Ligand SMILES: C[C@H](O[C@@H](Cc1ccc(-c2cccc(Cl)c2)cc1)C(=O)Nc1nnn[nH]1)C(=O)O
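Before any questions on binding or motion, here is one chain by itself as structure tokens, the form deposited without this ligand.
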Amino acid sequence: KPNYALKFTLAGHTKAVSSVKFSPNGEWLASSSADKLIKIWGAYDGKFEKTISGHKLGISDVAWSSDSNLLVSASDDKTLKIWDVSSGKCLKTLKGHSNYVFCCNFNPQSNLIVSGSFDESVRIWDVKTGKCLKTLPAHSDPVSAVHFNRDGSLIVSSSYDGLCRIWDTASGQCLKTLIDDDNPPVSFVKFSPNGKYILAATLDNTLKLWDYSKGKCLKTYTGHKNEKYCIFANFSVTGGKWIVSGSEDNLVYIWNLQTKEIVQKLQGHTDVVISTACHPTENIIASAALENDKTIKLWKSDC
């Protein structure tokens, strides 16, 4: 079992925090918020570094480029923005969605961005020009998450329509739809580090690990509360192999990936833990909470 202990509390957003992400090089944490701002913090000391501004409405997601130099953000103002982190300047505004942009990610190559929106579509964008390269009629409800696999050759998308779908990045063709009985709303999805599985959250207090090519569900993680919000989950791989998720009972849950036992609950936030992130090289977790809290917390463990 891990022994995550609270190390820092990062105050400063003036509304709910929506997403936190460590930079691929481990140096930084980026956070997004309903207060329309992105903030950058030191990953190891929690020190505030800068505020990044320009979205016209609140922001639901942020993600880093592979060289840790760019951010992309997804906003209720129906745009994404690409930012130079060092200068804080907006480099490109990606327009084309017709409703809130909810989720975003770069591919490992970081020449593409993928976005999902309340307009039920997934768009794929050229990082260098800002042009929209593909528009996918991906779902019949808001797209809650989009993620590239480890070589950028596939995209997974999830939606309130209850589906996860696997897309061929090059062709835009849908290669697999994952269904599960009554198909409750899928509120999060991401590929596993080895690209063979997907971890999907549904709004019935459940996380599932799927082999998407075999269509088999391999593990189920529960005990937390998730019926209303699109809460990020993670694979933690720097020490022991854990699953990490926020929860609507205001805790961070940590499960053993193989046994599905809850191995730790992290207490400190005073509102829904909407987002967690795992540091790329150290056993460090960042967690972020909604309106009655507005803070980010950094936790550190020996395994």
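For clarity, a rigid core is taken as the largest C-alpha set superposing within 1.5 Å between two forms. Residue positions are given as counts along the sequence shown, with the first one as 1.
S.K.: Taking RMS over all structures and residues, which stretch has CA atoms farther from the shown form in 7 other deposited structures of this protein, 73-81 or 213-221, after a rigid core fit?
M.R.: Greater root mean square C-alpha distance in 7 other deposited structures of this protein: 213-221.
S.K.: Compare the mean C-alpha B-factor of 208-216 with that of 122-130 as given in the PDB entry, and name the stretch with the higher value.
M.R.: According to the PDB entry, the answer is 208-216.
S.K.: Per the entry, where is the mean C-alpha temperature factor higher: 288-296 or 17-25?
M.R.: Stretch with the higher mean C-alpha B-factor: 288-296.
S.K.: So if I compare the CA B-factors in the entry for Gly152, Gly162, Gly96, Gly195, which one is the largest?
M.R.: The C-alpha B-factor peaks, among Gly152, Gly162, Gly96, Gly195, at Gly195.
S.K.: If you compare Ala30, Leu70, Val272, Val237, which has the highest Cα B-factor in the entry?
M.R.: Within the set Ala30, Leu70, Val272, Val237, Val237 shows the top C-alpha B-factor.
S.K.: According to the PDB entry, is the CA B factor of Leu257 in the bottom, middle or top third of its chain, that is, lowest, middle or highest?
M.R.: CA B-factor rank for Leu257: highest third.
S.K.: Among the modelled residues of its chain, does the C-alpha B-factor of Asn226 lie in the lowest, middle or highest third?
M.R.: Highest third.
S.K.: Check where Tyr44 lands among this chain's C-alpha B-factors and tell me if it's the lowest, middle or highest third.
M.R.: Answer is highest: the recorded C-alpha B-factor places it there.
S.K.: Please place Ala233 in the lowest, middle or highest third of its chain according to the CA B-factor in the PDB entry.
M.R.: According to the entry, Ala233 has a C-alpha B-factor in the chain's middle third.
S.K.: Please say which third, lowest, middle or highest, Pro108 falls into when its CA temperature factor is compared across its chain.
M.R.: As the PDB entry reports it, the C-alpha B-factor of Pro108 lands in the middle third of its chain.
The same protein also exists as the form solved in complex with this ligand; that form is not shown, yet it is the one meant from here on.
S.K.: Given the pose of this ligand in the entry with it bound, superimposed onto this structure around the site, is the binding site open or blocked (3 or more ligand atoms closer than 2.4 Å to backbone or C-beta atoms counts as blocked)?
M.R.: Blocked, per the superposed partner pose.
S.K.: Where does this ligand sit in the entry with it bound: which of 216-224, 107-115, 166-174, 81-89, heavy atoms within 4.5 Å?
M.R.: Correct option: 216-224.
S.K.: Scan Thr93, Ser153, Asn205, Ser192 and let me know which has any heavy atom within 4.5 Å of this ligand in the entry with it bound.
M.R.: The residue in contact is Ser192.
S.K.: Heavy atom within 4.5 Å of this ligand in the entry with it bound: which of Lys47, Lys241, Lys56, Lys50 fits that? Just give me the one.
M.R.: By the 4.5 Å heavy-atom cutoff, the listed residue in contact is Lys241.
S.K.: Is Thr270 part of the interface with this ligand in the entry with it bound - any heavy atom within 4.5 Å?
M.R.: Result no; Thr270 lies far from this ligand in the entry with it bound.
S.K.: Does this ligand come within 4.5 Å of any heavy atom of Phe148 in the entry with it bound?
M.R.: No, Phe148 sits far enough from this ligand in the entry with it bound that none of its heavy atoms falls within 4.5 Å.
S.K.: Give a yes/no on whether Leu209 approaches this ligand to within 4.5 Å in the entry with it bound, heavy atoms considered.
M.R.: Yes, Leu209 is a contact residue.
S.K.: Verify the contact flag for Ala63: yes if a non-hydrogen atom of it lies within 4.5 Å of a non-hydrogen atom of this ligand in the entry with it bound, no if not.
M.R.: Residue-level check for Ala63: no, no contact with this ligand.
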